[PDB]
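Residue numbers (the UniProt record's numbering), protein chains in the order written: chain B, 157 to 290, 305 to 475; chain A, 635 to 683, 721 to 779; chain D, 184 to 274, 284 to 460, 463 to 659, 695 to 754; chain S, 15 to 118, 135 to 273, 285 to 387, 391 to 459, 464 to 660, 694 to 754; chain H, 184 to 273, 285 to 366; chain L, 642 to 659, 695 to 754; chain W, 15 to 92.
All C-beta atoms in this analysis are idealised placements derived from N, C-alpha and C, irrespective of residue type, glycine included.
Notes follow the structure.
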Amino acid sequence: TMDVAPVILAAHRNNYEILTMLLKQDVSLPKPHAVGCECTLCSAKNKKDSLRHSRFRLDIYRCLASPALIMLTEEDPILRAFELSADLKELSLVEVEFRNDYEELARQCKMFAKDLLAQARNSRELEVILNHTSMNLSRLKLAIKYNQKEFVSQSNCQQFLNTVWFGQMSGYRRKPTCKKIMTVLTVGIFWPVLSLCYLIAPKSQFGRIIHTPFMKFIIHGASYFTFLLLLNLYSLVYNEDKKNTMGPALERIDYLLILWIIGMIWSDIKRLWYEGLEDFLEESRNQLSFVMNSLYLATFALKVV
Amino acid sequence: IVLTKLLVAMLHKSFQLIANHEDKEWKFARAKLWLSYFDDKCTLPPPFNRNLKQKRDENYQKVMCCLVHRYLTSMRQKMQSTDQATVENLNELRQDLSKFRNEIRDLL
Amino acid sequence: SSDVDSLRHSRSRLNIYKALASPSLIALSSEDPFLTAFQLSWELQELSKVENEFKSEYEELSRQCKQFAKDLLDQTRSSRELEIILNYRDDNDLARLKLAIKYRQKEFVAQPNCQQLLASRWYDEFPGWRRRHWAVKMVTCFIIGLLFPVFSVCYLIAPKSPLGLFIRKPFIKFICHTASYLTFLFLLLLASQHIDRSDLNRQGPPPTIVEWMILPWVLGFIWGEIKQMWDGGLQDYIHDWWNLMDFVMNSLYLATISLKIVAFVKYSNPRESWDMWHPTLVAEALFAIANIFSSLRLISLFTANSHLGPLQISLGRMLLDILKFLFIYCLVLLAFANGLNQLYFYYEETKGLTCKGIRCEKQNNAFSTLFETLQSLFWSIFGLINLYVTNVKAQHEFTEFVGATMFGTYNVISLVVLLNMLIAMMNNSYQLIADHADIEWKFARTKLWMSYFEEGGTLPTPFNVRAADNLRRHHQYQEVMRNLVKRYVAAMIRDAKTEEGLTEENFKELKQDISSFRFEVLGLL
Amino acid sequence: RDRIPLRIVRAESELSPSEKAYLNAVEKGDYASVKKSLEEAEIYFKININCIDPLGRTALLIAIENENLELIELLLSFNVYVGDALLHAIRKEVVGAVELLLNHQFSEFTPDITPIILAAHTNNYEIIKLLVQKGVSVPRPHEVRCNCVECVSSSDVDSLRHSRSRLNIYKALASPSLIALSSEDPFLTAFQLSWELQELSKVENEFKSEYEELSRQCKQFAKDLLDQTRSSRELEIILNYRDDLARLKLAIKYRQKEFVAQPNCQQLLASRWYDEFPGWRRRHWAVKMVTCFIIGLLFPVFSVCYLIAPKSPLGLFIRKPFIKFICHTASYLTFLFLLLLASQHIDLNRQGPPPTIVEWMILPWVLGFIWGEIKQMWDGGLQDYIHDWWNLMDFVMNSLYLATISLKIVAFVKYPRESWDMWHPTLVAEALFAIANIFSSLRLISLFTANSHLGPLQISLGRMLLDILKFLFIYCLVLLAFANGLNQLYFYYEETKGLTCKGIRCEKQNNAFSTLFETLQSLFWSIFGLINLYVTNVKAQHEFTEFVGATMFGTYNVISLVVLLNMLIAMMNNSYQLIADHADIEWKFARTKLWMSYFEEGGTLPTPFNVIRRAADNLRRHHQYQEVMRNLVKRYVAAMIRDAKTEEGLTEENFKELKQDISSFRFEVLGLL
Amino acid sequence: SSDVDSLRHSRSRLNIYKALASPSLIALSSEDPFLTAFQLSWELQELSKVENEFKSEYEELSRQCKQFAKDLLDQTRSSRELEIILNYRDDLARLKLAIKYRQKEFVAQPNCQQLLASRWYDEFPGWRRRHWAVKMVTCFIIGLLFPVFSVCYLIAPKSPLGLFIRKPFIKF
Amino acid sequence: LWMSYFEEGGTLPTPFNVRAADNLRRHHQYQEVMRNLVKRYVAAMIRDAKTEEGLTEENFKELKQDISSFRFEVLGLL
Amino acid sequence: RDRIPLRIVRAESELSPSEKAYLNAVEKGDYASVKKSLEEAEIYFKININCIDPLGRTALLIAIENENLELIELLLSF
Ligand SMILES: Cn1c(=O)n(CCCO)c(=O)c2c1nc(Oc1cccc(OC(F)(F)F)c1)n2Cc1ccc(Cl)cc1
Ligand SMILES: Cn1c(=O)n(CCCO)c(=O)c2c1nc(Oc1cccc(OC(F)(F)F)c1)n2Cc1ccc(Cl)cc1
Ligand SMILES: [Ca+2]
Ligand SMILES: [Ca+2]
Ligand SMILES: [Zn+2]
Ligand SMILES: [Zn+2]
C-alpha cells in the first residue's frame with residue numbers, strides 16, 4: 157500500500173536484524189492521533205479518504221505493536237507493552253470496523269509482555285522488575315490496572331505472589347490439607363485476640379501475625395463470619411417484645427451490629443479515598459457492598475425514626 | 635419450550651468458550667484480591683476499623736537489558752524451531768541447484 | 184535456598200525432575216524403569232498438587248512417564264514376557289500389576305495385552321465363554337446364580353472337589369457374590385411385603401420370617417468390611433467412595449440391630467401413642483435408610499458390563515463436579531433462606547391448626563423458622579411449594595410483596611441461572627471425559643476383577659463369619710526388560726524418523742550444505 | 015547422598031574407532047571410503063562387515079534408510095549378512111526389494143511377519159505386485175467362531191502371539207492394494223471382509239479399535255472403487271451383477298452405508314424411483330403436494346385396475362415404485378382415518397356388538413397387515429426382520445389387534465357399564481385397541497424417511513434410542529432402590545378407612561408409599577411434579593418417621609431430577625455431536641432401503657386389497706463384469722497413487738535422504754577430483 | 184443424452200460448472216467478474232436445489248465464488264474505488291444486487307461496512323466516540339421531538355428541520 | 642435494514658404518509709479500477725500460494741531428482 | 015487348504031527388461047542413457063518409444079511428473 161514506509165513493513169515482518177539496521181539511519185514514524193481526536197486535520201482526513209486514513213492508522217498501530225520495535229526503541233518495554241495493549245483495546249472499542257485486527261494486536265502485545273517477564277531467571281531480577289515505579307509491587311499494580319491477564323498468570327509472577335501472600339509460614343503449602351484446615355480454623359477462632367494484640371503490641375510475634383496478608387484475609391473472613399453469626403443471633407434473640415410493640419428498641423446485638431455497620435462504612439470510605447471512585451465502581455463486589463450499606467443505613471434510619 | 639432451551643444451547647457454547655481461558659482468569663482474579671489485601675492501609679477487621724531514583728533506574732535498565740537479550744535469543748530459537756518449510760523455500764533450493772548446474776556448464 | 188533465591192530453587196527442582204523423567208535416561212540408567220516410571224509419576228503428581236505453580240509442567244511430566252510405561256508394555260510380543268513382567272516382585285501373584293493399580297497407572301492397565309492376560313485369568317477353565325450367544329450367556333449366568341449355595345457348601349465340605357474348585361474361578365466367584373447380594377435384596381423386598389402381623393407390638397420382637405436371616409448376612413458384611421479395612425490399609429478403603437457407602441450402610445445396620453435389641457430389653463398400646471423418638475421408630479427409619487443404601491450397591495456391580503460400564507464410570511467422574519456446583523447452590527440457598535426467615539418470622543402463627551409446616555394439605559408457616567425456610571426453599575426447585583405461602587394472613591401488603599419478590603428472585607436464580615449453568619458445565623465435562631471413558635472403565639473393571647483374584651474372601655457373605698529363586702527371577706526379568714528397552718528405543722528412533730515435521734532449520738541446512746559444496750567445487754575447479 | 019550417580023545398566027557391545035568410522039562412512043554415503051573399508055575387512059579382518067550399531071543399525075540398514083542403491087549393490091557384493099533387511103526395505107518403500115530378493135537375534139519386527147504381510151501393512155502397490163510376482167501366499171485365517179484343536183493349542187502355547195498373528199493377517203487382507211491384486215471380485219471381497227472384521231471386533235473386545243478401523247477402511251475402499259466409475263452402463267453392470286440391482290441388495294444386506302449413499306448409485310436409484318416421470322425434483326412444491334393428493338384419492342382405482350389387468354395403462358401406472366409407495370401411504374392414512382372415525386363415532393351392551401359401521405372396514409386392513417408381516421417375516425429372511433425396530437412395532441400392533449378381535453369375538457359369542469366386572473373382556477378389548485391405535489398412528493414416523501428434511505432428524509432419533517435405553521436401566525435401578533426403601537418405612541402406616549380412592553390418582557393423594565407398586569408409581573410421577581408434598585404424611589403424630597420419609601423422597605427428587613436427568617441432557621448432546629456428522633449417510637442408506645422395499649414385484653397390490694445358453698449368458702456377464710472391474714481397478718490405483726504423493730507432509734527421513742544424497746555427490750566429486 | 188448416459192451428462196455439467204466457477208477464469212475472461220460471481224453463485228445454489236445428489240459439490244462451488252467476491256472486495260484500497268464499484272449500474287445498485295443475491299460475505303466486508311456506516315450516519319460524526327449515556331440522551335431527545343421533524347419535509351422539505359429527516363439514522 | 646431505510650421512498654413515518697457519455701465514463705472508470713483490483717488479487721493469491729504450503733512427496737521427488745540428474749550430468753562431463 | 019494362494023487375476027501389460035531400464039533411467043532424469051536408448055530405439059530393437067507401465071506411467075507421463083524440461087524436450091523431439 158502507498159502509505160507504508162519501509163520501517164512500518166519491517167515492523168510488520170517482525171525481524172530484529174532488519175530493525176537494527178533500519179533504525180541506525182535515524183528513522184521516525186508518524187504519530188497516530190488520539191482515541192477521539194477530531195481536530196482540523198482528523199475531521200478532514202475522514203472527509204478526504206476514510207479507508208486510506210483507517211489503513212494508515214492500522215499500519216501504524218501494527219508497526220508499533222511489534223515486539224522488536226518495543227524492545228529496541230523504548231525506555232521500558234513492559235510499560236510500553238501495557239500502555240499499547242490498553243490503547244489498542246480502547247481503539248478496538250472505538251473502531252467497530254476493525255475489531256479483530258486491533259484486538260489481535262492487543263493480544264500480541266499482552267503475549268509479548270508475558271514472555272518478556274517469563275525470561276526472568278533470578279528472583280532478584282523479578283523483584284527488580286516488579287517493584288519498579290516511574305514488596306511494593308507497583309509494576310504488578312499497574313499490570314492488574316491495565317488488565318493484563320497473561321502477565322499475572324505466569325508461573326514466576328504467581329510464585330512471587332505466593333511467597334508474599336503466605337508470609338512467614340512459607341511451609342504452609344508443605345503442610346497437608348488436614349493441617350491447613352485446622353490451622354485456618356484455629357486462626358478463625360481467636361481472631362479478636364490477634365486484632366487486639368496488634369492494636370496493643372505489634373512488636374511481638376503475634377503482633378506480626380496480622381501483617382501476613384493471608385492471615386489478614388483469614389481474620390477478615392472470620393470477622394465477616396462473626397457479623398453473619400450475629401445476624402443469625404438477632405433472630406435467635408428476637409424476643410424484646412418487638413414482635414408486638416410498635417416502637418423499635420435496640421438490644422446489645424443491634425448495638426454490635428451498628429458498630430460493624432459503621433466499621434464497614436469506614437472501610438468503604440477508606441477504599442473510596444485512598445484508591446478512588448471509578449475502580450470501586452468497576453468491581454461488582456464493591457457495588458454489592460454499596461447497595462448493602464445503603465440498604466442497612468436506610469433500615470437503621472427508619473428504625474430510629 | 636423454545637426460549638429456555640435456546641438459552642441452554644447458548645450457555646453450552648459459552649461455557650465451551652470460557653473453559654479454555656478459565657485458569658488464567660481465576661488466577662488473575664485471585665491475584666487482584668491478593669494485591670487488594672497486600673496493602674498496609676487498613677490491617678484491622680471492620681469492628682476495629721534524589722540519587723536513589725537514578726540508582727533504581729540503572730538497576731532496572733541492567734535487568735531489562737538482560738531480559739531483552741534473553742527474550743531475543745529465545746524468540747529467534749522458537750521461530751527457527753517452529754515454522755514449517757513452504758514451497759518458496761523449495762524454489763530457492765531449485766534456484767541454488769540450477770545456479771550450480773549453470774556455473775558448472777559455464778566453467779566446463 | 185528458598186529464602187535466598189526461591190525462583191532459582193524452584194526452577195532448579197523443575198529442571199532436575201524434567202531430566203529424571205526423560206524416557207531415554209530412564210531406559211538407560213534406571214535399574215528398574217517400570218518401578219522408576221511409577222515412582223516418578225507419583226512424585227510428579229504430588230509435586231503438581233503441592234506446588235500449584237509450575238503445575239502444567241508437572242502433570243505433563245507425569246503424563247509422559249505414563250506414556251513411557253504404556254509404550255514399554257506395547258513393545259512386548261510374547262505371553263511369557265508379559266507373565267514375567269506382571270508377576271515380578273521386589274522381594284500368579286501379579287505383584288507388579290497390584291503396584292501399578294496402586295500407583296493409578298490408567299493406560300498401563302488398559303493396555304490390550306494386559307487386558308488379554310487378565311481376561312484369560314478371569315475366565316479360568318472356560319471353553320470360550322465369550323464365544324457364546326447372548327441368550328445362552330443369560331441362561332448360563334442364571335443357572336450359576338441359582339446354584340450358589342450348593343457351590344458354597346461344596347467348597348466348605350471338600351475344597352479339592354471339582355465343585356469345590358468351581359468357586360475358585362474368579363468369574364464364578366463374582367457370579368456367586370452377586371447372587372448372594374441379590375438374594376439379600378430379595379430378602380429385604382420380602383421383608384417389606386411378607387410382614388402382615390399386628391405391627392403394633394410395643395417392642396417389635398424379631399420374627400423368624402426375615403430377621404435372623406438378615407442378621408448373619410449383616411454381620412458377614414461387617415466382617416468383610418473389617419477384613420478389607422485390615423487388608424490393604426485405611427487409605428485404600430477411603431480412596432473408593434463405594435467402600436465408604438458400604439461402611440455407612442453397615443453402621444446403620446448395626447445401629448438398627450442395637451436399637452431393636454434395646455427395645456427388646458427395655459420399653460417392652464396403639465401405634466399413634468408412641469413418642470416421636472421411640473427406639474423402635476428410630477430402628478425403623480435407620481433400617482429404611484440402610485435399605486436405600488444397600489439397594490444402590492448394584493450400581494457398583496455394573497463396571498463389569500461392557501455396554502454401560504463406561505457410562506457408569508463417566509457419571510462417577512462428573513459427580514465430583516456436581517458437588518463442586520452444589521457448594522455454590524448451598525451458598526445461594528443459605529442466603530435467600532435466612533433473608534426470607536428474617537422477613538417472615540415476625541408473622542409466626544399457630545391458631546390451633548391440625549398441621550404446621552410445608553408438608554400439610556394446606557401449606558402454612560413455610561418461612562417461619564430457619565429449618566422450615568430451608569426446607570421450603572429447597573422444595574421450591576421442584577415446584578411442590580405453592581404460591582400461597584408468600585402472603586401473610588394479615589393485610590401487610592408491602593411485606594407480602596417483598597417476600598414474594600425475594601421468593602421469585604431465588605426461583606429465577608436456582609431455576610434459570612444455576613440449573614442451566616449446571617447443564618452447560620455438565621455438557622463440557624462429559625465432552626472432556628468422553629475420550630478417557632474407555633481406559634477409566636477398563637481400570638475400574640480390572641480393580642473389580644483383582645478384588646476377586648485374591649485367595650481370601652473366597653467364601654461368600656453367608657460364610658464370611695529362596696535366594697536362588699530370587700536371583701533367577703531377577704535375571705529373567707533383567708533379560709526380558711533389556712529386550713523391551715532395546716525394542717522401545719528402536720521404535721522411538723524410528724518414530725522420530727517418521728513424524729511429519731520439517732522446520733525451517735533443515736531447509737537452511739540443505740542450503741548451507743549445497744553452498745559449501747559449490748564453494749568447494751569453485752575452489753577446486 | 016545429595017547426588018544421583020548414573021551408569022549404563024543396559025550395556026551394549028559398543029564400537030571400536032575403526033568400526034565406528036566404517037559405520038559413519040556408510041552413514042555419509044562415500045562410495046570409495048566404504049569400498050576401501052570392506053576391502054580392508056576382506057583380507058585383513060580388522061573390522062567385521064556385519065557390524066551392529068549400539069541402537070541397532072547394521073550397515074545394510076543405514077543404506078536402506080538413506081534410500082540409495084549403489085551401497086546396496088556394494089554391500090551385497092561382499093555378502094554382508096541380511097536378516098530382516100528385506101522387511102526394513104519393504105517398510106521404507108524402497109525399490110531395492112528386487113536387489114534384496116535377487117541376492118542368493136534382535137529383530138524390531140515380530141517373528142510372525144512374513145514379507146507379504148508387511149507389504150500389505152505398508153499398502154504399497156509396487157512392493158505387493160513384486161512379491162506376488164515372485165511367488166508368495168498369505169496364511170488363511172480361521173473362522174471367527176472357530177474352536178478347532180489347533181486354535182486352542184496355539185492359544186494355550188502363546189495366546190498373545192496367536193492374537194497378534196490373527197490381527198496381522200486381517201490387516202494384510204484388508205489392505206486395498208492386496209484386494210486390487212488378488213481378489214476375483216473386489217466388491218464382494220470388500221463386503222465379506224468388512225462383515226468378517228466387524229464380527230471379529232464384536233468377538234474381540236480387546237483390539238476392538240483396530241478391527242473397527244480395518245472394517246472402516248474396507249468400506250471406504252469399496253466406496254472409492256465405486257467412485258471411480260465414469261458411465262451409466264458400467265454402473266448398471268456393477269450393481270446388477272448376480273454371481285434387478287442384485288449387488289445393491291447384497292450391499293444393503295452387508296450394511297455398507299458408504300457404498301449405498303454414494304452419489305451415482307443414488308442417481309440410479311432415483312432413475313428407478315421416478316421412472317417415466319417429467320421430473321419430481323424439477324417441480325414446484327405446491328404442485329408436488331397437489332399431485333400427491335391427486336394420487337392419494339385415486340388409490341382404489343389404480344389398485345383394482347392392477348387387480349383385474351396389470352397390462353392396462355392405469356394398471357401400469359401403479360407398477361411404478363413411487364406410485365405404489367403413494368398408494369400404500371394413502372391406504373395407511375385411510376386406515377388411520379377409519380380409526381379416527383371409530384373413536385369419534387360409535391354404550392351399555394355387555395356382550396358388545398362389533399361396530400359394523402366402521403369395524404367391518406377396519407378388519408380387512410388388519411388382515412392385510414397380518415398377511416404382510418407374515419410374508420415379510422418368513423419370505424425375506426428371519427434375523428433381518430427382528431433387527432428392524434419398526435418390524436417389532438408392527439409385530440406388537442398386530443398382536444394387539446389379534447388379541448382385541450379375539451376378545452371381542454369371545455365376548456360376543458359368550459358373556464349397565466357401571467355394573468361390569470373390572471376384568472370384563474370388553475374393557476380389556478377396548479384397552480388393547482387403544483394401545484394398538486397408539487402404535488398404528490405412531491407408525492407414521494417410519495414414513496418420514498422418504499422426505500428430504502425430516503429424514504435426518506428421524507434417523508438421529510433412532511440412533512440414540514438405544515443409548516436412552518442404556519440410561520433408563522440405571523434410572524430403573526435407582527428407582528427400585530428408593531421405592532423399596534420408602535415402602536419399608538411407610539408400609540405400616542396404611543390408611544384405608546373410608547377414603548373411596550386409595551392411591552395417587554385421586555383428588556386427595558393418600559397411601560402413595562403404602563406398597564411397592566404404589567411407591568414405584570408415586571416415585572415415577574414425582575419427575576413431573578404431579579406428586580404433592582402431603583403424601584409423606586401419616587395418620588399418626590409421629591414426626592421423625594415423617595422427616596425421614598420426606599428426606600428420602602427429596603433425595604430421590606434431587607438424584608433423579610438435578611443429577612440424573614441433567615446428566616442425560618449432556619450425554620444426549622455428546623451423542624448427537626457424534627451422530628450428526630454421519631447423519632446424511634445413514635439417512636441416505638435408510639431412504640435407499642425404503643425405496644427398494646417397493647422396487648420388486650413381491651407384493652404390488654396395497655394392504656387391504658391383496659387378499660383377493695444359461696452358461697453362455699453367465700459367461701457374458703462375467704466377462705463384462707471383469708472388463709469393467711479391470712478398468713475400475715486401474716482407475717482407482719492411478720487415483721490412489723496420485724493422491725498418496727499429493728499429501729504426505731514430508732517426514733524427516735526424506736530430508737535425511739536429501740542430505741545423504743548431497744554428501745554422496747560431494748564425496749564422488751572429491752573422488753573424481 | 185441423459186437417457187443414454189445420465190452419469191456422464193451429470194459429470195459433464197458438474198465439470199463445466201466447476202470450470203466456470205474457478206476464480207482465475209472469472210478474473211481472466213469475464214466482462215464483469217462481480218456480476219459473473221453473483222449470477223454464478225445464484226445458479227449454483229439453484230443447481231444444488233434441483234440436484235439433490237451432488238449438492239455438496241455445488242455448495243462448495245458457490246461458497247468458493249462468494250469467497251472470490253469477498254477477496255476482490257478485500258483488494259480495494261480507496262473509498263473512491265468503493266464508490267466506483269458499489270454505485271456501478273448498467285445509488286448503490288451493485289450493493290442492491292449483492293443484497294438480492296444473498297452475498298453475505300460480500301456485504302459484511304469491513305470496507306463495505308465502513309461505507310455503509312458513513313452513509314447511515316450522514317453528517318453525524320463522533321456518535322460512537324461520545325458516551326453511551328450521552329448518545330442515548332441524544333436518541334431520546336430526537337425521538338421525543340419526532341412530530342416537529344416529521345411535520346417538516348411535509349410542508350417545508352428544503353428547511354434544515356425538513357432536511358433532518360434526510361439522514362437515515364434520524365429516519366430510523 | 643440500513644439499505645431499506647436508505648431509500649427516498651418511505652421517508653415519512655406511517656403517521657404522516659397517509695447520458696450515453698456518462699454511461700461510457702462510468703463503464704471505463706469501473707473497468708480501469710477493476711483491472712487494478714484483479715492485478716492486486718492475482719498478486720495476492722500468487723504470494724499466498726507461495727507460502728503456508730506443505731511440500732509433501734512430489735516436491736521432495738523433484739528436488740531429489742534434480743540432484744540425481746545433476747550428478748549424472750557431472751559424471752558424464754567428468 | 016490353510017494357506018490363501020495369491021496371484022494377479024488382472025495381469026495387465028508387461029515390460030521388457032530393456033524397457034524397464036529405459037523407464038528407470040527416465041525416472042532418474044538421465045541425459046546420456048535415455049538419449050542412447052532412444053537412439054537404439056530408432057533402429058529395430060526391443061525398446062519401444064511408447065512404453066507404458068501397468069501403473070499407466072509412460073515415459074512421456076513420467077517425464078511430465080519429472081518436470082525436467084530437457085528430458086521432455088528430448089522425448090517430444092523423437
Ligand atoms: C424478580 N421478580 C420477581 O420476584 N417477581 C415476583 C414479584 C412478586 O410476584 C416478578 O413478578 C418478576 C421478577 N422479575 C420479573 O421480570 C423479570 C426480569 C428478569 C428476569 C425474569 O425472569 C427470568 F429470569 F427471565 F426467567 C423476570 N418479574 C416479572 C415482572 C413483574 C412486574 C413488573 Cl412491573 C415487571 C416484571
Ligand atoms: C435432601 N434434602 C431434603 O430432603 N430436604 C427435605 C427435608 C425435609 O423437607 C431438604 O430440605 C434439603 C435436602 N438437601 C438440601 O440441601 C441441598 C444441598 C445440596 C444440594 C441440594 O440439591 C439441590 F441442589 F437442591 F438440587 C440440596 N436441603 C435443604 C436443606 C434443609 C435443611 C438444612 Cl439444615 C440444610 C439444607
Ligand atoms: Ca467394599
Ligand atoms: Ca414390516
Ligand atoms: Zn487530530
Ligand atoms: Zn481354528
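{"Query": "Between the Cα of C346 (chain H) and the Cα atoms of L:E738, L:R711, L:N658, L:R701, which residue gives the shortest distance?", "Result": "L:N658"}
{"Query": "Quick one: which chain B residues come within Cβ less than 8 Å of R191 (chain D)?", "Result": "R277, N278, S279"}
{"Query": "Which chain B residues are close to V233 (chain D), counting only those with a beta carbon under 9 Å from its beta carbon?", "Result": "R343, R344"}
{"Query": "Beta-carbon of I22 (chain W) versus every beta-carbon of chain S: anything under 7 Å?", "Result": "yes"}
{"Query": "Taking the Cβ atom as the reference point for each residue, do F343 (chain S) and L355 (chain S) lie within a distance shorter than 7 Å?", "Result": "yes"}
{"Query": "Under 6 Å: does the beta carbon of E180 (chain S) sit that close to some heavy atom of ligand 6?", "Result": "yes"}
{"Query": "Would you check if the distance between the CB atom of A237 (chain B) and the CB atom of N170 (chain B) is smaller than 7 Å?", "Result": "no"}
{"Query": "Who pairs with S167 (chain S) in a beta bridge, going by DSSP?", "Result": "W:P19"}
{"Query": "Please classify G551 (chain S): does DSSP put it in a helix, a strand, or coil?", "Result": "strand"}
{"Query": "Does DSSP put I364 (chain D) in a helix, in a strand, or in coil?", "Result": "helix"}
{"Query": "Closer than 8 Å between beta carbons: that is the criterion. Which residues of the segment 29-60 of chain W meet it against chain S?", "Result": "none"}
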